[PDB]
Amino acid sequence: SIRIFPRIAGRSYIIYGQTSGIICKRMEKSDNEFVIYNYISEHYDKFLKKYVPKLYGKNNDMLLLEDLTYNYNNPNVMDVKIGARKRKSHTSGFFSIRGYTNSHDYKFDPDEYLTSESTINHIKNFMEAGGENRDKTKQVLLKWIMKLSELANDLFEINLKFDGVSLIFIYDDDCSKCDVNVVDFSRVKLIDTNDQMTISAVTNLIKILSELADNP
C-alpha cells in the first residue's frame, strides 16, 4: 500500500508513488510550495526545466514530483540547504549540509557548527562511495560545477527569496551519472530584487568543489 521514501533530511511525509519514477510529498502547513511551483512555471519556466524536478500534479495535499534518484543503480544523495534557515545561522557559514548517504558512518551531526576543514571533510566523505578512480570522481565534481555555475548566473535575474531551498547532489557508485537540482519551495517568497544570500551559498559551494576537483 504505502512504501516510505528514504529521505536524506527534512521532517516532511514523502512516500513512493503508486507508479514508477514518482514521489508523493505532503504539504504540511500551507499550499505555498504549489503556489511557488506555478509562479516559477509562469515567470521563469527555463529555471524550472533546468534546475527543478518536474511537478506532474497535485492530489489533495500531495505533490507528485519527479524522483531524482530513479534512474540510478546506486545513488549517493547529499542535501545542502543554500536558502536562509527559518531561524539559526548556517552550519558552514554560507550553507548547511543537512545530510548524505552513509553520513552515520562518519558521525555527521546536522546540528554541529563546522569549520571549513570539517565542511570539506564531510563533502570528501560523501564522495567516498564513488571509489578510488580519482579521474572519474573529478568528472562528477566538474559536471556539478558546470550546472552550479549556470544556476548562480541565472539566480541574478530571479526576484525570489529562496528561504529553505536545498541542493540535492546525486552520483551513481560507478560515477557514470550525476546531477544536482533545487528542491523545497515551501518557504519561498516574492521580492523586488535577487537573493544575494542564496547566490553566496552557490558560489561558495562552487569554490569548495573547484578546490576538490583541482587538489592532486
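Residue numbers run from 1 along the displayed sequence. In this text, the rigid core denotes the largest set of C-alpha atoms whose superposition between the two forms falls within 1.5 Å.
Displacement analysis by core superposition in 8 other deposited structures of this protein ranks 128 to 136 above the other of 128 to 136 and 141 to 149 in root-mean-square C-alpha distance from the shown form.
For the segment pair 96 to 104 and 110 to 118, the entry gives 110 to 118 the higher mean B-factor, averaged over Cα atoms. When the two stretches 57 to 65 and 148 to 156 are set side by side, the higher mean Cα temperature factor goes to 57 to 65. Highest CA B-factor among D179, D163, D184, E42, as stated in the entry: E42. Residue-level inspection of the entry shows that, of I14, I208, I22, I199, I14 has the top Cα B-factor. In the deposited entry, the Cα temperature factor of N194 sits in the middle third of values across the chain's modelled residues.
In this PDB entry, the Cα temperature factor of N74 sits in the top third of its chain's modelled residues, the highest group. In the PDB entry, a CA B factor belonging to the highest third of its chain's modelled residues is recorded for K29. In this PDB entry, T91 carries a Cα temperature factor that places it within the middle third of its chain's modelled residues. Looking at the C-alpha B-factors along this chain, the one for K143 belongs to the lowest third.
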